[PDB]
$ cat upload27.cif   # mmCIF, C-alpha atoms and all ligand atoms
data_my_file
loop_
_atom_site.label_atom_id
_atom_site.label_comp_id
_atom_site.auth_asym_id
_atom_site.auth_seq_id
_atom_site.Cartn_x
_atom_site.Cartn_y
_atom_site.Cartn_z
CA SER L 61 0.00 0.00 0.00
CA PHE L 62 0.97 3.70 0.03
CA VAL L 63 -0.65 7.10 0.04
CA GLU L 64 1.94 8.58 -2.36
CA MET L 65 0.92 6.33 -5.27
CA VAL L 66 -2.85 6.71 -5.13
CA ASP L 67 -3.47 9.03 -8.07
CA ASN L 68 -0.28 8.26 -9.98
CA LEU L 69 -1.86 7.40 -13.33
CA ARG L 70 -3.29 9.50 -16.16
CA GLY L 71 -4.09 9.32 -19.85
CA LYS L 72 -7.01 9.80 -22.20
CA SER L 73 -9.78 7.37 -23.14
CA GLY L 74 -8.56 4.61 -25.44
CA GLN L 75 -5.00 5.70 -25.35
CA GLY L 76 -3.67 3.92 -22.25
CA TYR L 77 -2.75 4.76 -18.67
CA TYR L 78 0.67 6.13 -17.79
CA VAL L 79 2.84 6.76 -14.78
CA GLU L 80 5.66 9.28 -14.40
CA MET L 81 9.23 7.93 -14.27
CA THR L 82 12.81 9.14 -14.49
CA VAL L 83 15.78 7.52 -16.16
CA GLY L 84 19.40 8.57 -16.21
CA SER L 85 21.60 10.79 -14.07
CA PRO L 86 20.63 13.49 -13.78
CA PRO L 87 17.00 12.22 -13.81
CA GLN L 88 15.15 12.57 -17.10
CA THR L 89 11.37 12.67 -16.72
CA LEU L 90 9.14 10.60 -19.00
CA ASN L 91 5.53 9.42 -19.02
CA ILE L 92 5.45 5.62 -19.28
CA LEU L 93 2.42 3.55 -20.38
CA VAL L 94 1.55 0.82 -17.86
CA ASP L 95 1.29 -2.45 -19.80
CA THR L 96 0.62 -5.78 -18.08
CA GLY L 97 0.45 -7.18 -21.60
CA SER L 98 4.21 -7.25 -22.30
CA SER L 99 7.54 -7.50 -20.55
CA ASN L 100 9.88 -4.92 -22.04
CA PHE L 101 10.68 -1.54 -20.54
CA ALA L 102 11.09 0.74 -23.56
CA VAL L 103 11.36 4.49 -24.08
CA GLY L 104 11.71 6.78 -27.07
CA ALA L 105 15.40 7.61 -27.45
CA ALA L 106 15.15 9.59 -30.68
CA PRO L 107 12.95 12.28 -32.24
CA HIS L 108 9.57 11.29 -33.61
CA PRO L 109 6.61 13.43 -34.77
CA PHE L 110 4.52 12.28 -31.80
CA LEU L 111 7.11 12.45 -29.03
CA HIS L 112 7.28 15.65 -26.99
CA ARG L 113 10.50 14.45 -25.37
CA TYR L 114 12.74 11.39 -25.28
CA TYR L 115 15.56 9.55 -23.51
CA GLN L 116 18.99 11.06 -24.22
CA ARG L 117 21.57 8.46 -23.21
CA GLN L 118 24.39 10.91 -23.88
CA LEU L 119 23.12 13.09 -21.02
CA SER L 120 23.05 10.29 -18.45
CA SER L 121 26.23 9.56 -16.52
CA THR L 122 24.78 6.17 -15.62
CA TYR L 123 23.78 4.84 -19.05
CA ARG L 124 25.49 1.61 -20.07
CA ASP L 125 25.25 0.14 -23.56
CA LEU L 126 24.55 -3.60 -23.61
CA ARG L 127 25.59 -3.54 -27.26
CA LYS L 128 22.64 -5.67 -28.37
CA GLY L 129 19.74 -4.60 -30.55
CA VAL L 130 16.09 -5.39 -29.98
CA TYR L 131 12.66 -5.11 -31.55
CA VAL L 132 9.18 -5.94 -30.28
CA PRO L 133 6.17 -6.69 -32.45
CA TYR L 134 2.90 -6.01 -30.69
CA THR L 135 -0.61 -7.01 -31.77
CA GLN L 136 -0.77 -3.69 -33.65
CA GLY L 137 2.47 -1.75 -33.71
CA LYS L 138 6.16 -2.32 -33.20
CA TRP L 139 9.41 -0.60 -32.30
CA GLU L 140 13.15 -1.14 -32.73
CA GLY L 141 16.08 -0.03 -30.60
CA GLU L 142 19.14 -0.60 -28.44
CA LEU L 143 19.40 -2.37 -25.09
CA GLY L 144 21.23 -0.72 -22.23
CA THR L 145 20.85 -0.20 -18.49
CA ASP L 146 20.38 2.89 -16.38
CA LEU L 147 18.92 3.95 -13.03
CA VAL L 148 15.15 4.31 -12.86
CA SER L 149 12.67 5.85 -10.46
CA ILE L 150 8.93 6.29 -10.04
CA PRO L 151 8.36 9.72 -8.39
CA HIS L 152 4.83 8.83 -7.25
CA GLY L 153 5.76 5.25 -6.47
CA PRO L 154 8.02 3.48 -3.97
CA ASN L 155 10.97 5.48 -2.66
CA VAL L 156 13.77 3.61 -4.41
CA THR L 157 16.03 3.63 -7.45
CA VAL L 158 17.12 0.60 -9.46
CA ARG L 159 19.28 -0.22 -12.45
CA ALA L 160 16.98 -1.71 -15.05
CA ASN L 161 17.16 -2.87 -18.65
CA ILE L 162 15.97 -0.22 -21.06
CA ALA L 163 15.20 -0.46 -24.76
CA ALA L 164 16.19 2.84 -26.33
CA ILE L 165 13.63 3.04 -29.13
CA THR L 166 15.35 4.23 -32.33
CA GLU L 167 12.60 3.41 -34.85
CA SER L 168 8.89 2.69 -34.52
CA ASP L 169 5.81 1.88 -36.58
CA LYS L 170 2.27 2.62 -35.44
CA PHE L 171 3.45 2.51 -31.83
CA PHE L 172 3.55 6.06 -30.54
CA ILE L 173 0.17 7.72 -30.44
CA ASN L 174 -0.45 11.31 -31.49
CA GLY L 175 -1.35 13.34 -28.42
CA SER L 176 -1.24 10.43 -25.94
CA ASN L 177 1.34 12.17 -23.74
CA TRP L 178 3.47 9.07 -22.97
CA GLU L 179 6.94 8.47 -24.37
CA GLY L 180 7.64 4.96 -23.16
CA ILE L 181 6.09 1.63 -22.25
CA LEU L 182 6.56 -0.46 -19.11
CA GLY L 183 5.90 -4.16 -19.71
CA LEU L 184 4.95 -5.65 -16.35
CA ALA L 185 4.46 -9.26 -17.50
CA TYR L 186 7.02 -12.08 -17.08
CA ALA L 187 10.43 -12.55 -18.71
CA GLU L 188 9.19 -15.59 -20.64
CA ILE L 189 7.76 -13.19 -23.23
CA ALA L 190 10.45 -10.52 -23.34
CA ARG L 191 12.60 -9.62 -26.36
CA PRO L 192 15.14 -10.72 -27.47
CA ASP L 193 14.50 -13.59 -25.07
CA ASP L 194 13.65 -14.46 -21.46
CA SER L 195 17.18 -13.57 -20.36
CA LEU L 196 16.35 -9.87 -20.49
CA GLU L 197 15.09 -9.26 -16.96
CA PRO L 198 11.85 -7.18 -16.95
CA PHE L 199 11.68 -4.01 -14.84
CA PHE L 200 9.53 -5.33 -11.97
CA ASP L 201 11.74 -8.37 -11.51
CA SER L 202 14.70 -6.02 -11.17
CA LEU L 203 12.77 -3.82 -8.76
CA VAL L 204 11.96 -6.85 -6.62
CA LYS L 205 15.50 -8.25 -6.60
CA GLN L 206 17.19 -4.92 -5.86
CA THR L 207 14.81 -3.47 -3.26
CA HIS L 208 12.46 -4.70 -0.56
CA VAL L 209 9.35 -3.88 -2.57
CA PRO L 210 7.06 -6.85 -2.18
CA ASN L 211 6.53 -8.91 -5.32
CA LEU L 212 3.03 -7.62 -6.08
CA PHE L 213 1.18 -4.70 -7.67
CA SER L 214 -2.36 -3.45 -8.09
CA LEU L 215 -4.05 -1.30 -10.71
CA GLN L 216 -7.10 0.90 -10.31
CA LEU L 217 -8.01 2.13 -13.78
CA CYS L 218 -10.81 4.70 -13.75
CA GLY L 219 -12.98 5.73 -16.70
CA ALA L 220 -13.83 9.31 -17.69
CA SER L 232 -9.07 12.91 -19.51
CA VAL L 233 -8.74 9.75 -17.40
CA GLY L 234 -7.04 8.68 -14.15
CA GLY L 235 -6.18 5.75 -11.92
CA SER L 236 -3.63 4.22 -9.55
CA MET L 237 -0.75 1.78 -9.60
CA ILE L 238 0.11 0.58 -6.13
CA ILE L 239 3.65 -0.79 -6.32
CA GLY L 240 4.23 -3.55 -3.77
CA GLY L 241 0.87 -3.95 -2.07
CA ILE L 242 -2.86 -3.42 -1.80
CA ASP L 243 -4.42 -0.09 -0.81
CA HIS L 244 -7.71 -0.92 0.87
CA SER L 245 -9.17 2.52 0.23
CA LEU L 246 -9.43 1.85 -3.50
CA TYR L 247 -12.03 -0.94 -3.48
CA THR L 248 -15.15 -2.26 -1.75
CA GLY L 249 -16.41 -5.73 -0.91
CA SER L 250 -14.36 -8.92 -1.05
CA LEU L 251 -11.32 -9.45 -3.23
CA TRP L 252 -11.66 -12.56 -5.42
CA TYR L 253 -8.70 -14.44 -6.82
CA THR L 254 -8.16 -16.38 -10.02
CA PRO L 255 -4.94 -18.34 -10.51
CA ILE L 256 -2.27 -17.24 -12.95
CA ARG L 257 -2.21 -20.36 -15.14
CA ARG L 258 1.37 -19.86 -16.30
CA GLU L 259 3.87 -17.03 -15.88
CA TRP L 260 4.42 -15.49 -19.31
CA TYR L 261 1.40 -13.28 -20.00
CA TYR L 262 -0.93 -12.85 -17.02
CA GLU L 263 -2.89 -15.87 -18.16
CA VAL L 264 -6.20 -16.71 -16.53
CA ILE L 265 -8.85 -19.35 -17.25
CA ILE L 266 -12.42 -18.38 -18.06
CA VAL L 267 -14.97 -21.00 -17.09
CA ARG L 268 -18.33 -19.46 -17.99
CA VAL L 269 -19.78 -16.53 -19.92
CA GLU L 270 -23.26 -15.00 -19.59
CA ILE L 271 -24.99 -12.15 -21.41
CA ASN L 272 -27.84 -10.69 -19.36
CA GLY L 273 -28.01 -13.93 -17.41
CA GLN L 274 -28.12 -16.30 -20.40
CA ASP L 275 -25.26 -18.76 -20.58
CA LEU L 276 -23.42 -18.46 -23.89
CA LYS L 277 -23.52 -22.28 -23.78
CA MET L 278 -20.17 -22.71 -25.51
CA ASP L 279 -17.45 -25.21 -24.68
CA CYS L 280 -15.40 -23.31 -22.07
CA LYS L 281 -12.29 -24.20 -24.08
CA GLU L 282 -13.53 -21.66 -26.64
CA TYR L 283 -13.42 -18.89 -24.04
CA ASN L 284 -9.71 -19.48 -23.78
CA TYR L 285 -9.07 -20.64 -27.32
CA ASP L 286 -5.35 -20.13 -27.49
CA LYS L 287 -5.32 -18.23 -24.19
CA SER L 288 -6.84 -15.50 -22.02
CA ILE L 289 -4.82 -12.64 -20.54
CA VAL L 290 -5.22 -9.47 -18.46
CA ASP L 291 -3.79 -6.75 -20.64
CA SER L 292 -3.79 -3.10 -19.49
CA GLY L 293 -1.88 -2.38 -22.67
CA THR L 294 -5.00 -3.22 -24.72
CA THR L 295 -8.15 -1.07 -24.78
CA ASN L 296 -10.87 -3.46 -25.99
CA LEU L 297 -12.17 -6.75 -24.69
CA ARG L 298 -10.75 -9.12 -27.31
CA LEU L 299 -12.60 -12.40 -27.94
CA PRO L 300 -11.78 -15.49 -30.03
CA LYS L 301 -13.68 -15.59 -33.34
CA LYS L 302 -16.37 -18.05 -32.25
CA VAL L 303 -16.92 -16.33 -28.90
CA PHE L 304 -16.87 -12.87 -30.50
CA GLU L 305 -19.59 -13.89 -32.97
CA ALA L 306 -21.76 -15.37 -30.24
CA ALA L 307 -21.41 -12.30 -28.03
CA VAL L 308 -22.23 -9.77 -30.75
CA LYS L 309 -25.18 -11.84 -31.89
CA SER L 310 -26.44 -11.85 -28.32
CA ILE L 311 -25.68 -8.15 -27.82
CA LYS L 312 -27.36 -7.21 -31.13
CA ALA L 313 -30.55 -9.08 -30.25
CA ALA L 314 -30.69 -7.46 -26.81
CA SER L 315 -30.57 -4.01 -28.41
CA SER L 316 -32.48 -5.03 -31.56
CA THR L 317 -34.89 -2.24 -30.67
CA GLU L 318 -32.54 0.10 -32.51
CA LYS L 319 -30.41 -0.64 -35.57
CA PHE L 320 -26.72 0.18 -36.03
CA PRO L 321 -24.35 -0.10 -39.04
CA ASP L 322 -22.15 -3.18 -39.42
CA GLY L 323 -19.18 -0.83 -39.17
CA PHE L 324 -20.24 -0.12 -35.60
CA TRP L 325 -20.09 -3.74 -34.49
CA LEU L 326 -16.74 -3.97 -36.27
CA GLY L 327 -15.40 -1.07 -34.24
CA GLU L 328 -15.13 1.10 -37.35
CA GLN L 329 -17.75 3.86 -37.21
CA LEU L 330 -19.17 5.15 -33.94
CA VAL L 331 -22.75 5.69 -32.76
CA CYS L 332 -24.25 8.81 -31.18
CA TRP L 333 -27.34 9.87 -29.24
CA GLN L 334 -28.69 13.25 -28.21
CA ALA L 335 -26.71 14.23 -25.12
CA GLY L 336 -27.87 12.26 -22.08
CA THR L 337 -30.21 9.97 -24.05
CA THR L 338 -27.94 6.94 -24.48
CA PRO L 339 -30.14 3.79 -24.30
CA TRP L 340 -27.95 1.95 -21.76
CA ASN L 341 -30.88 -0.22 -20.70
CA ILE L 342 -30.98 -1.94 -24.10
CA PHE L 343 -27.34 -2.99 -23.86
CA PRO L 344 -26.76 -6.18 -21.81
CA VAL L 345 -24.25 -6.88 -19.05
CA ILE L 346 -21.56 -9.49 -19.62
CA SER L 347 -20.49 -11.84 -16.85
CA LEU L 348 -17.12 -13.53 -17.06
CA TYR L 349 -16.70 -16.42 -14.60
CA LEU L 350 -13.08 -17.05 -13.60
CA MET L 351 -11.45 -20.09 -11.98
CA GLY L 352 -11.30 -19.82 -8.20
CA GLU L 353 -8.76 -20.79 -5.57
CA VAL L 354 -10.75 -23.74 -4.33
CA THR L 355 -11.84 -27.00 -5.95
CA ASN L 356 -14.86 -26.67 -8.25
CA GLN L 357 -15.17 -23.03 -7.21
CA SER L 358 -15.28 -19.97 -9.45
CA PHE L 359 -16.47 -16.38 -9.28
CA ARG L 360 -17.68 -13.74 -11.70
CA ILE L 361 -17.05 -10.13 -12.63
CA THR L 362 -19.84 -8.32 -14.44
CA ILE L 363 -19.21 -5.71 -17.15
CA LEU L 364 -21.77 -2.98 -17.76
CA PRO L 365 -22.33 -1.56 -21.24
CA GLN L 366 -20.80 1.68 -19.97
CA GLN L 367 -17.55 -0.30 -20.00
CA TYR L 368 -17.71 -1.82 -23.47
CA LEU L 369 -19.15 1.24 -25.19
CA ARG L 370 -16.19 3.60 -25.11
CA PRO L 371 -16.86 7.37 -25.23
CA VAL L 372 -15.24 9.34 -28.05
CA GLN L 379 -22.95 18.07 -28.69
CA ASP L 380 -24.07 14.44 -28.72
CA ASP L 381 -22.73 11.45 -26.82
CA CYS L 382 -20.76 9.21 -29.15
CA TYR L 383 -19.26 5.80 -28.46
CA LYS L 384 -17.25 3.00 -30.00
CA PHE L 385 -18.05 -0.68 -29.53
CA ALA L 386 -15.01 -1.76 -27.50
CA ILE L 387 -15.22 -5.51 -28.14
CA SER L 388 -13.37 -6.89 -31.15
CA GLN L 389 -12.35 -10.29 -32.43
CA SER L 390 -8.96 -11.83 -31.88
CA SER L 391 -6.94 -14.69 -33.33
CA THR L 392 -4.62 -14.78 -30.31
CA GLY L 393 -7.08 -15.64 -27.54
CA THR L 394 -9.19 -13.61 -25.15
CA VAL L 395 -7.82 -10.29 -23.91
CA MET L 396 -9.34 -8.70 -20.83
CA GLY L 397 -8.45 -5.19 -21.90
CA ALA L 398 -8.53 -1.85 -20.10
CA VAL L 399 -12.29 -1.43 -20.46
CA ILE L 400 -12.77 -4.67 -18.55
CA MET L 401 -10.35 -3.50 -15.84
CA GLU L 402 -11.89 -0.03 -15.44
CA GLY L 403 -14.77 -1.12 -13.23
CA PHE L 404 -12.50 -2.94 -10.78
CA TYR L 405 -9.41 -3.00 -8.57
CA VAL L 406 -7.12 -5.68 -9.98
CA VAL L 407 -4.44 -7.27 -7.85
CA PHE L 408 -1.47 -8.86 -9.59
CA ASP L 409 -0.32 -11.08 -6.75
CA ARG L 410 2.82 -12.41 -8.44
CA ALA L 411 4.04 -13.77 -5.11
CA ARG L 412 1.06 -16.09 -4.84
CA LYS L 413 0.59 -16.66 -8.57
CA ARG L 414 -2.92 -15.27 -8.62
CA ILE L 415 -4.89 -12.24 -9.74
CA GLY L 416 -7.50 -10.52 -7.58
CA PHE L 417 -10.64 -8.62 -8.55
CA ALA L 418 -12.85 -6.31 -6.43
CA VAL L 419 -15.32 -3.51 -7.15
CA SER L 420 -13.34 -0.32 -7.72
CA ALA L 421 -13.74 2.90 -5.70
CA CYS L 422 -14.11 4.53 -9.12
CA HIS L 423 -16.76 2.03 -10.20
CA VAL L 424 -19.03 2.60 -13.19
CA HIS L 425 -22.57 3.83 -12.55
CA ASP L 426 -26.09 3.03 -13.68
CA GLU L 427 -29.13 3.80 -11.55
CA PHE L 428 -30.54 0.32 -12.08
CA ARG L 429 -27.45 -1.84 -12.70
CA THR L 430 -24.04 -2.15 -11.07
CA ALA L 431 -20.77 -3.85 -12.05
CA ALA L 432 -19.77 -6.60 -9.63
CA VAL L 433 -17.44 -9.33 -8.43
CA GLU L 434 -19.44 -12.18 -6.93
CA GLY L 435 -18.78 -15.61 -5.53
CA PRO L 436 -18.67 -18.35 -4.71
CA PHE L 437 -20.02 -20.41 -7.62
CA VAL L 438 -19.76 -24.16 -8.28
CA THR L 439 -18.12 -25.05 -11.57
CA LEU L 440 -17.15 -28.63 -12.23
CA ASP L 441 -14.19 -29.60 -14.41
CA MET L 442 -12.71 -26.10 -14.63
CA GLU L 443 -9.40 -27.61 -15.76
CA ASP L 444 -10.94 -28.70 -19.07
CA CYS L 445 -11.41 -25.00 -19.86
CA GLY L 446 -7.71 -24.37 -20.42
CA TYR L 447 -6.45 -24.74 -24.00
CA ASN L 448 -3.70 -27.12 -25.12
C1 LIG Q 501 -2.51 1.80 -25.21
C2 LIG Q 501 -3.76 1.18 -25.87
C3 LIG Q 501 -3.66 1.20 -27.42
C4 LIG Q 501 -4.89 0.64 -28.14
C5 LIG Q 501 -5.50 1.57 -29.30
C6 LIG Q 501 -4.85 1.70 -30.75
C7 LIG Q 501 -5.75 2.41 -31.82
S1 LIG Q 501 -4.70 -1.15 -28.60
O1 LIG Q 501 -4.91 -1.22 -30.03
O2 LIG Q 501 -5.65 -1.93 -27.84
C8 LIG Q 501 -3.06 -1.82 -28.18
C9 LIG Q 501 -2.92 -3.31 -28.46
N1 LIG Q 501 -3.33 -3.52 -29.79
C10 LIG Q 501 -4.47 -4.22 -30.21
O3 LIG Q 501 -5.27 -4.73 -29.43
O4 LIG Q 501 -4.60 -4.24 -31.58
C11 LIG Q 501 -5.71 -4.90 -32.21
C12 LIG Q 501 -5.60 -4.76 -33.70
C13 LIG Q 501 -6.40 -3.75 -34.42
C14 LIG Q 501 -6.28 -3.62 -35.85
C15 LIG Q 501 -5.37 -4.47 -36.59
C16 LIG Q 501 -4.57 -5.46 -35.88
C17 LIG Q 501 -4.69 -5.60 -34.45
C18 LIG Q 501 -1.51 -3.71 -28.12
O5 LIG Q 501 -0.86 -4.19 -29.07
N2 LIG Q 501 -1.03 -3.52 -26.88
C19 LIG Q 501 0.32 -3.82 -26.40
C20 LIG Q 501 0.83 -2.50 -25.77
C21 LIG Q 501 0.86 -1.28 -26.73
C22 LIG Q 501 0.58 0.08 -26.22
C23 LIG Q 501 0.59 1.23 -27.13
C24 LIG Q 501 0.89 1.04 -28.56
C25 LIG Q 501 1.17 -0.29 -29.07
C26 LIG Q 501 1.16 -1.45 -28.17
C27 LIG Q 501 0.30 -4.99 -25.39
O6 LIG Q 501 1.60 -5.23 -24.92
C28 LIG Q 501 -0.15 -6.27 -26.06
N3 LIG Q 501 -0.13 -7.43 -25.10
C29 LIG Q 501 -0.49 -8.71 -25.73
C30 LIG Q 501 0.68 -8.99 -26.72
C31 LIG Q 501 0.42 -9.40 -28.11
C32 LIG Q 501 1.54 -9.65 -29.03
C33 LIG Q 501 2.93 -9.49 -28.59
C34 LIG Q 501 3.23 -9.07 -27.18
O7 LIG Q 501 4.52 -8.88 -26.69
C35 LIG Q 501 4.97 -9.31 -25.38
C36 LIG Q 501 2.09 -8.84 -26.28
#

$ encode --input "upload27.cif" --output "structure tokens"
Amino acid sequence: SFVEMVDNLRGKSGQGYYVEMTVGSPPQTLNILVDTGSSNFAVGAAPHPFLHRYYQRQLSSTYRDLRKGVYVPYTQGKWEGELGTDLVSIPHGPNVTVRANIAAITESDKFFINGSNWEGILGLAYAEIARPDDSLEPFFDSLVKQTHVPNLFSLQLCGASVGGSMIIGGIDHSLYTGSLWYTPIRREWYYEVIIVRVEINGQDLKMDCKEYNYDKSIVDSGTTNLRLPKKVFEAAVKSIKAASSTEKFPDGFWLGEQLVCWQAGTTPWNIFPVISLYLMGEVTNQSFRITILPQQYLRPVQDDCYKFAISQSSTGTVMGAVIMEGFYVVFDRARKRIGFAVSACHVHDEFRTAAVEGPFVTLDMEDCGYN
């Protein structure tokens, strides 16, 4: 826990959450995007049309070239650069400094966002998925080995300019309500979790739970949308369309292309269903569920306009930022589990409310994992 980290995140809708950091000696200040979806710490180290500032290794008396190149291809977007180490600090985070690996981005393609206000990315996932390989120790691992910071972190992403919190090394009880529920981390590469059941407005999607994790399911703060495997994505949309069949929208809308708008304050929330994702529990045949309100999957962009924030994937399910916004998520690395609880900045609806409920019986949860 810690008072000093409570409102340490910012960013605008659909463009990621970032924390302030400093690299080099003297300290160079940079806004770094918090990404539990990757494992590389990387910062712009050269001019780019979208960067307002960048890491200047020549001005840091502590920079050390590892004389190895590196590149990372993301779902959408990629960068190239040079590996080296330097001292790093999180002003509104723990009170320590550590020497961490840093990828000085020299070239990039569809990575940096125009007007996002962040110049780097902090991959908080495990080494197993780092570039060039798992031998490049991720930032957090370094932080944990060099300091006393406990091996754990929590994220409170709030919807809207946007804000939130990253509690390095603990859980701040003032950021959530109710009980914290934990789902195991299936394997330590991405923050993989196993989905056991899916319901739209109470109706079971009735699919083979293996489909929910076809390939895999991960908790990715680096991704905006809820990403679903083809088959699941088609079932969901079909169900969501029917629920709101009272009104008609263009195919481009469901594809995430063109947005939809309603006269200010007249958004028909009631016609959009809630989605419940049941996750594997900590006890035998026991699971729990988190419920997403349409306010979460209809991202805001005169009138009120929104973008359907659920899209199909060919790389498994991705519990993106919109899924995380209604809750307080605990990345308990130390106990290989992830916790969910209603967030202090929860979403609102006079008649409906996002939730984290348990316990639930769910037989054969193991058969839900993909192989
Ligand atoms: C900040 C939110 C940007 C969105 C809005 C853009 C209009 S996004 O689009 O949701 C970002 C997503 N992109 C996305 O979801 O793209 C979908 C898409 C749309 C159109 C065409 C192709 C793909 C994504 O790639 N995220 C990675 C972080 C990142 C941050 C900022 C810029 C580029 C990347 C994250 O690390 C991926 N974690 C799984 C992963 C996957 C593969 C290899 C990995 O390496 C360890 C790891």

$ closest_residue --input "upload27.cif" --among "L:412, L:70, L:170, L:370" --to "ligand LIG 501 (chain Q)" --atoms "only C-alpha atoms and all ligand atoms"
L:170

$ residues_near_point --input "upload27.cif" --point "(-18.5, -18.3, -15.0)" --cutoff "8 Å" --atoms "all atoms listed in the file" --output "PDB file with C-alpha atoms, in the frame of the given file"
ATOM      1  CA  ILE L 266     -12.420 -18.380 -18.060  1.00  0.00           C
ATOM      2  CA  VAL L 267     -14.970 -21.000 -17.090  1.00  0.00           C
ATOM      3  CA  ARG L 268     -18.330 -19.460 -17.990  1.00  0.00           C
ATOM      4  CA  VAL L 269     -19.780 -16.530 -19.920  1.00  0.00           C
ATOM      5  CA  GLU L 270     -23.260 -15.000 -19.590  1.00  0.00           C
ATOM      6  CA  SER L 347     -20.490 -11.840 -16.850  1.00  0.00           C
ATOM      7  CA  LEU L 348     -17.120 -13.530 -17.060  1.00  0.00           C
ATOM      8  CA  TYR L 349     -16.700 -16.420 -14.600  1.00  0.00           C
ATOM      9  CA  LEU L 350     -13.080 -17.050 -13.600  1.00  0.00           C
ATOM     10  CA  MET L 351     -11.450 -20.090 -11.980  1.00  0.00           C
ATOM     11  CA  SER L 358     -15.280 -19.970  -9.450  1.00  0.00           C
ATOM     12  CA  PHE L 359     -16.470 -16.380  -9.280  1.00  0.00           C
ATOM     13  CA  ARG L 360     -17.680 -13.740 -11.700  1.00  0.00           C
ATOM     14  CA  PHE L 437     -20.020 -20.410  -7.620  1.00  0.00           C
ATOM     15  CA  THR L 439     -18.120 -25.050 -11.570  1.00  0.00           C
TER      16      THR L 439
END

$ residues_near_ligand --input "upload27.cif" --ligand "ligand LIG 501 (chain Q)" --cutoff "7 Å" --atoms "only C-alpha atoms and all ligand atoms" --output "PDB file with C-alpha atoms, in the frame of the given file"
ATOM      1  CA  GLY L  74      -8.560   4.610 -25.440  1.00  0.00           C
ATOM      2  CA  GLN L  75      -5.000   5.700 -25.350  1.00  0.00           C
ATOM      3  CA  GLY L  76      -3.670   3.920 -22.250  1.00  0.00           C
ATOM      4  CA  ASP L  95       1.290  -2.450 -19.800  1.00  0.00           C
ATOM      5  CA  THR L  96       0.620  -5.780 -18.080  1.00  0.00           C
ATOM      6  CA  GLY L  97       0.450  -7.180 -21.600  1.00  0.00           C
ATOM      7  CA  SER L  98       4.210  -7.250 -22.300  1.00  0.00           C
ATOM      8  CA  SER L  99       7.540  -7.500 -20.550  1.00  0.00           C
ATOM      9  CA  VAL L 132       9.180  -5.940 -30.280  1.00  0.00           C
ATOM     10  CA  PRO L 133       6.170  -6.690 -32.450  1.00  0.00           C
ATOM     11  CA  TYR L 134       2.900  -6.010 -30.690  1.00  0.00           C
ATOM     12  CA  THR L 135      -0.610  -7.010 -31.770  1.00  0.00           C
ATOM     13  CA  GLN L 136      -0.770  -3.690 -33.650  1.00  0.00           C
ATOM     14  CA  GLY L 137       2.470  -1.750 -33.710  1.00  0.00           C
ATOM     15  CA  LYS L 138       6.160  -2.320 -33.200  1.00  0.00           C
ATOM     16  CA  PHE L 171       3.450   2.510 -31.830  1.00  0.00           C
ATOM     17  CA  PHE L 172       3.550   6.060 -30.540  1.00  0.00           C
ATOM     18  CA  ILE L 173       0.170   7.720 -30.440  1.00  0.00           C
ATOM     19  CA  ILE L 181       6.090   1.630 -22.250  1.00  0.00           C
ATOM     20  CA  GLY L 183       5.900  -4.160 -19.710  1.00  0.00           C
ATOM     21  CA  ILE L 189       7.760 -13.190 -23.230  1.00  0.00           C
ATOM     22  CA  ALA L 190      10.450 -10.520 -23.340  1.00  0.00           C
ATOM     23  CA  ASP L 291      -3.790  -6.750 -20.640  1.00  0.00           C
ATOM     24  CA  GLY L 293      -1.880  -2.380 -22.670  1.00  0.00           C
ATOM     25  CA  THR L 294      -5.000  -3.220 -24.720  1.00  0.00           C
ATOM     26  CA  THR L 295      -8.150  -1.070 -24.780  1.00  0.00           C
ATOM     27  CA  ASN L 296     -10.870  -3.460 -25.990  1.00  0.00           C
TER      28      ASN L 296
END

$ residues_around --input "upload27.cif" --residues "residue 356 in chain L" --least-positions-apart "2" --cutoff "8 Å" --atoms "all atoms listed in the file" --output "VMD selection string"
chain L and resid 352 354 358 438 to 442

$ closest_residue --input "upload27.cif" --among "L:103, L:237, L:215, L:162" --to "residue 196 in chain L" --atoms "all atoms listed in the file"
L:162

$ closest_atom_pairs --input "upload27.cif" --of "range 213-284 of chain L" --to "range 144-156 of chain L" --cutoff "10 Å" --atoms "only C-alpha atoms" --output "JSON lines"
{"residue": "L:236", "atom": "CA", "partner": "L:152", "partner_atom": "CA", "distance": 9.9}
{"residue": "L:237", "atom": "CA", "partner": "L:153", "partner_atom": "CA", "distance": 8.0}
{"residue": "L:238", "atom": "CA", "partner": "L:153", "partner_atom": "CA", "distance": 7.3}
{"residue": "L:239", "atom": "CA", "partner": "L:153", "partner_atom": "CA", "distance": 6.4}
{"residue": "L:240", "atom": "CA", "partner": "L:154", "partner_atom": "CA", "distance": 8.0}

$ closest_residue --input "upload27.cif" --among "L:254, L:166, L:71, L:79" --to "residue 116 in chain L" --atoms "all atoms listed in the file"
L:166

$ atom_distance --input "upload27.cif" --atom1 "CA of residue 73 in chain L" --atom2 "CA of residue 392 in chain L"
23.8 Å

$ atom_distance --input "upload27.cif" --atom1 "CA of residue 245 in chain L" --atom2 "CA of residue 233 in chain L"
19.1 Å

$ closest_residue --input "upload27.cif" --among "L:191, L:425, L:113, L:298" --to "residue 161 in chain L" --atoms "only C-alpha atoms"
L:191

$ residues_near_point --input "upload27.cif" --point "(-4.1, -15.3, -17.4)" --cutoff "8 Å" --atoms "only C-alpha atoms" --output "VMD selection string"
chain L and resid 255 to 258 261 to 265 287 to 290

$ closest_residue --input "upload27.cif" --among "L:130, L:217, L:165, L:445" --to "residue 286 in chain L" --atoms "all atoms listed in the file"
L:445

$ atom_distance --input "upload27.cif" --atom1 "CA of residue 101 in chain L" --atom2 "CA of residue 188 in chain L"
14.1 Å
